[PDB]
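In what follows, a structure is listed as structure tokens, so that the remarks can point back to it.
A short reminder: the numbers here are calculations on the coordinates, not readings from a lab. Cβ coordinates were reconstructed from backbone atoms using ideal geometry, including for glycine residues, and neighbour counts include every protein chain displayed.
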Amino acid sequence: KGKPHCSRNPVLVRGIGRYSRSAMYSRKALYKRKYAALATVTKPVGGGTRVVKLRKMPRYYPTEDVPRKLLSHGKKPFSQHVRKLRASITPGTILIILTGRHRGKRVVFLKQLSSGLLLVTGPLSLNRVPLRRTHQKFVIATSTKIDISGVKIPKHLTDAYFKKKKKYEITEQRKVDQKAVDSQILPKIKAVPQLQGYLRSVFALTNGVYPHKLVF
Amino acid sequence: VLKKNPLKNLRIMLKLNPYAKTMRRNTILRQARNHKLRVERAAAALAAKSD
Amino acid sequence: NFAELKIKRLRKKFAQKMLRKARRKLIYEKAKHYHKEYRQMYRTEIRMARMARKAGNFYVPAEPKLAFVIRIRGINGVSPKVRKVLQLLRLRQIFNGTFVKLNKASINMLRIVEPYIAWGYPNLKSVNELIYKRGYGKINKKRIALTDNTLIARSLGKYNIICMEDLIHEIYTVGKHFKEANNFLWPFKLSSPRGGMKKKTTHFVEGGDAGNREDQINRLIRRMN
Amino acid sequence: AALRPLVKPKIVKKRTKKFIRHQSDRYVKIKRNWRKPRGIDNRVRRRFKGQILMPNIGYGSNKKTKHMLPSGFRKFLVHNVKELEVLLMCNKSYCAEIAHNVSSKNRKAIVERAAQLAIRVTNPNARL
Amino acid sequence: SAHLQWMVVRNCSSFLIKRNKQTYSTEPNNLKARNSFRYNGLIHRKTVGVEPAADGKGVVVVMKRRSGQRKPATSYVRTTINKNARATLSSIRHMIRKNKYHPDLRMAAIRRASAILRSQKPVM
Amino acid sequence: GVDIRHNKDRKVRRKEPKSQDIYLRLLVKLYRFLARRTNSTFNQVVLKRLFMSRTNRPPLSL
Amino acid sequence: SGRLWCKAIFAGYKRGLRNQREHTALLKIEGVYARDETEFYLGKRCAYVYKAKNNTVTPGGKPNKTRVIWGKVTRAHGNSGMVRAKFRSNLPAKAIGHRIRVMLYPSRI
RNA sequence: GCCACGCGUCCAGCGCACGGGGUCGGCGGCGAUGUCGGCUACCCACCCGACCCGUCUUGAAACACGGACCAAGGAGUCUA
RNA sequence: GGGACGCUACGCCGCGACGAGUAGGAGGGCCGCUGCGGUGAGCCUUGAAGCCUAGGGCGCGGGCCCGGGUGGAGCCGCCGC
């Protein structure tokens, strides 16, 4: 019984500790810390009493059953995976949607969600784009940034909030949260000249335009 | 057994050679210390050029 | 019953639990000493030459004791005397590799197969990627990957070669048990050289690849492996 | 709504085109069935480029997926009702197929006995 | 004996059938219906057999006695079980494990009985 | 290309007796277990000689 | 409102002089003519759009006559800006010299 | 920086994982009279390759011989 | 002193290495035809053999099983010969 301290040695290289084990031995102060040395339930019956057994034997057995598989170690479920993010993708930058039905639309990035999808939201007045999730791979990351450091994103909206439930009609909670976030962003994009016209425009490739040659 | 490369897989190298941990515990503190002295030499170089 | 026998089972597995941990400490200390041996051997070659130039004389380095021999030509058409030497060096496929120590007998066998091989003296580094990445042991006449130190120690444990570092030290430094250590290793199945080849059919002196490329074999080793 | 097998492995086949006889297209007396050429100047025999491939041992299918139907079962020829009860301990691996010479009234004896034993039939509604 | 008679019945037997790269046996006591030394109902002195009931409701368990080995009219005794699914599987497990009666086939009888009871279940 | 000879890579020896009698086979089955489970070479000579032909296992006079 | 893919020409299969390997396609993307400019297009998804007679379904729309063969850009080929691509099914030779699309949504930027 | 932990006498459990070969405890769509799938086998188009078989021969696609096509028969058998 | 599979042991499983081919030799064929002794309480005018087939398939392959049409009276699987 007692409070736990964090890992005393900082991580230097992944899989490698900064302090050696004998230096860890002195840092741990282990020199002065030597140490030496369910299923049956009785129930009354209205006779006598009966002793029932929980988890009774199954009444069915298949003709043949699979053998069990060997044990792996490096395989984790999707909820426990690490979620990467590009260095160009920062809160306040402007992204371009490529695969969704909002093709060529310049949409403002808010924050990184839990599952790895990006919460990206241009103003509904300009881009006609709601609070919408977007995968980070299908995103053109333009080097145009606004300062959303001082906005207040609602904590109640998350990946489960944008999860598809089961004809889609817009709920009134979606409309309230739409103007709750846009009211903080829209004055800030008006501080940059010609930024609202930039967001209302659509992205396209013309003749003589090559994405590898140009920078953005 | 799948022959994992000891040169890429760090733990297979540690299974074959336990001293490789301190081979790679050093050449990280040493290289950072040597990189620190290179920067401080350049930091002191700006004082020598300006004075 | 099963009173003493269950506790003896706990003390049975505890015997190899402490013995395995004791063996790990020996392997750690062997490699630490081997790291010291390369400070002593690598620095004194510079040290010998530095004081000879200061005295005005010359320091002739020791003639190298080991070279790495790689077969570079195919198999369609070969003289039977040349073919006999090539299978005596355990070089039966193209781009195969083996470690050969140097003496009067080995030099003359390498001279008779000069167009068919490219050989030279490997570095301390070039041993490591060969033993670690392409190191395969011949246990019971079977090609088994050296994925554990006990595999070497099961066959080479009588020569105090009980880990990967002991085998590397026995190969690089040509000890008294080099023959048993080298014959334990399967011939190295190297891939094709990345970046191409200069010329297969001529000697390395005349702009080709065959013959003795003394210390340039380390460049060729990195592309084979 | 059919009878699923125990497992559904990925069926891989190295070659699916039939091995035709050499010069089988040029003549009608030469059938499609493969015969290994043994001529001195035969191009197919000595593996010339752009010619008819010959069957080799390398074309053999995987032992796990050998003789397995695309549905995931393996066939078994069944002539009468009595042969059905063999497969009821092989229900999830092997399926039953009725023979060609079985009468229509004996085919309609078989189908429901395999339905009670949940035995998959390759051709349940053959005649009707 | 068991091993001596197996070497004769393994290929030239009337109950064995071979087609479609498969081998089966139609012995009355050959549960799992496969030609094998363990599962042969006629070979061994002690044999467990599971068959459907005569009236279609329940299972009959075939028990082979060790007294009249060359007396096939008396060697087999048949008991009928017409209880619920859980209790039927409990009884066949008890007759094999707790009597130590040829115990390598206890689960094989459980697998066969679990399907025969499913076969006589009303069809959807 | 590998310069090895497949002329004699297949050793010629008996794996099981060419006789089809069942009493020898049951004795062979008994001695296959004894060869691979015991450490004696006697069960390795007997099992080797049980496979042998009639001319290879000449009668022994009294 | 406009194009979202770069114009590329299916020049031919990966081949020798007397042997072709039609499981790997060679692409000539417009605007790239050097090896060092092919790094941007590595990993991008390529598609060959064509139309046929029978109507097939379309994801998110009424079933149309157009069909595609999906693929990806594997690695650069040659020195003068050529590049290799691999598709799920091998490209028909009717598409030799025709326009195929390489998209940007497999983006690394 | 450290594969070093005790005393006297004589000369063990909890979780993390570059760790004995892949998993998701992750998802999006369309599917009843016009849609999905169907290696092979029916037909057609394109690229690459590609000379008609048998036999004699050191050498055959040969301007070396048999050969329109199809069905049936048709050639190491028996005795000692 | 109350518990998964297995093992036609001529069966099953694990490791490594190798795979050309004329004449020629050997082995395996649950490749194919015909008849005989056994065997399937085998199939069959509610449709046998044979034949055709733009169908479904299996086996590397010799070949084989179903679906459809025609047909009207025999036929096949396994163990040996």
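What to note about this one:
- Candidates C:160, C:183, C:57: whichever shows maximal mean-square fluctuation once chain C is modelled as a Gaussian network with Cα springs under 10 Å: C:57
- Across region A:147-216, counting alpha-carbon atoms alone, Rg and Dmax equal 17.4, 46 Å.
- Average Cα contact separation per residue, chain G, under 8 Å, 6 or more apart, as relative contact order %: 36
- Nearest-ten-degree value, helix D:104-116 long axis tilted from longest Cα axis of chain D: 70
- Over the residues of chain C, the helix contribution to mean residue ellipticity at 222 nm works out to -16000 deg cm²/dmol, using -39500 (n - 2.57) for each DSSP H run of at least 4.
- Chain F: equivalent-ellipsoid semi-axes (sqrt of 5 x gyration tensor eigenvalues, Cα, Å): 28, 17, 13
- Loop-located trypsin sites (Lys or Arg not before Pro) in chain B whose Cβ has at most 12 other Cβ within 10 Å (DSSP): B:8
- If you model chain C as an ellipsoid using its alpha carbon gyration tensor, with each semi-axis the square root of five times an eigenvalue, the axes come out at 39, 25, 14 Å, biggest first.
- Gap separating the Cα centres of region F:23-62 and region C:100-118, nearest whole Å: 51
- Highest-fluctuation residue, C:39, C:53, C:83 considered, GNM on chain C with Cα pairs under 10 Å: C:53
- Acute angle (nearest 10 degrees) that the helix E:85-97 long axis makes with the longest principal axis of chain E, alpha-carbon atoms: 40
- Here region C:111-219 is treated as a sphere whose radius is the Kirkwood value from Cα pairs; by Stokes-Einstein at 25 °C and 0.890 mPa s it diffuses with a coefficient of 160 µm²/s.
- Normalised contact order of chain E, rounded percent, pairs of Cα under 8 Å and 6 or more residues apart: 18
- The per residue volume of the convex hull around the alpha-carbon atoms of chain E is 131 Å³.
- Top of C:124, C:89, C:26 by mean-square fluctuation, Gaussian network on chain C, Cα under 10 Å: C:26
- Taking the empirical scaling 2.2 N^0.38 Å for compact globular proteins as reference, region A:1-89 has a Cα radius of gyration ratio of 2.24.
- Note on the protein assembly as shown: Cα Rg divided by 2.2 N^0.38 Å, N the number of residues, gives 1.32.
- Within the protein assembly as shown: Cβ-based charge dipole about Cα centre, in debye rounded to nearest 20 (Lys, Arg +1; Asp, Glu -1): 2120
- Relative counts (whole %) of C-alpha pair distances in region A:45-113, using bins that are 10 Å wide: 12, 18, 16, 14, 14, 15, 7, 4
- For region D:1-76 versus region G:82-107, the spacing of their alpha-carbon centroids is 31 Å.
- Counting Cβ atoms of other protein chains within 10 Å of each residue's Cβ and taking the mean over peptide E:17-30 gives 3.
- Note on residue D:56 and residue B:29: the model spin-label points, each 7 Å out from Cα along the C-beta direction, lie 5.9 nm apart.
- Over chain D, the reciprocal of the mean inverse Cα-Cα separation, the Kirkwood hydrodynamic radius, stands at 18.0 Å.
- Between 0 and 90 degrees, the angle of helix B:29-50 with respect to the longest Cα principal axis of chain B falls at about 10 degrees.
- Taken over the alpha carbons of region G:10-72 as equal point scatterers, the Debye sum produces base-10 log I(q)/I(0) values at 0.20 Å⁻¹ of -0.94.
- Within chain D, the longest run free of chymotrypsin sites (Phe, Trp or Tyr not before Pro) that sit in a DSSP loop with at most 13 other Cβ atoms within 10 Å is D:49-128.
- Cα-Cα pairs of region C:165-225 separated by more than 19 Å (percent): 49
- Cα-based radius of gyration for chain A, normalised by 2.2 N^0.38 Å, reads 1.70.
- Region D:25-65: C-alpha gyration tensor shape, a/c 1.5 cut-off, then a/b vs b/c: oblate
- Derived value for region G:33-109: Kirkwood hydrodynamic radius 13.9 Å. Basis is the mean of 1/r over every pair of different alpha-carbon atoms.
- Reduced Cα scattering model of region G:53-92, Debye log10 I(q)/I(0), q = 0.14, 0.22, 0.28, 0.31 Å⁻¹: -0.50, -0.78, -0.95, -1.01
- Restricting the calculation to Cα atoms, region A:99-216 shows an Rg/Rh of 0.97 when the hydrodynamic-style radius is the Kirkwood one.
- Applying a DSSP loop filter and a limit of 10 other Cβ atoms within 10 Å to the trypsin sites (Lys or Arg not before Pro) in region A:62-161 leaves A:68, A:69, A:75, A:84, A:101, A:152, A:155.
- Neighbour count of at most 13 Cβ within 10 Å plus DSSP loop: longest trypsin sites (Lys or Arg not before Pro)-free window in chain G: G:19-87
- When the alpha carbon gyration tensor of region C:1-49 is reduced to an equivalent ellipsoid, its three semi-axes come out at 48, 4, 4 angstrom, largest first.
- Only Cα pairs under 8 Å and 6+ residues apart enter the sum, and on that basis the relative contact order of chain C stands at 21 percent.
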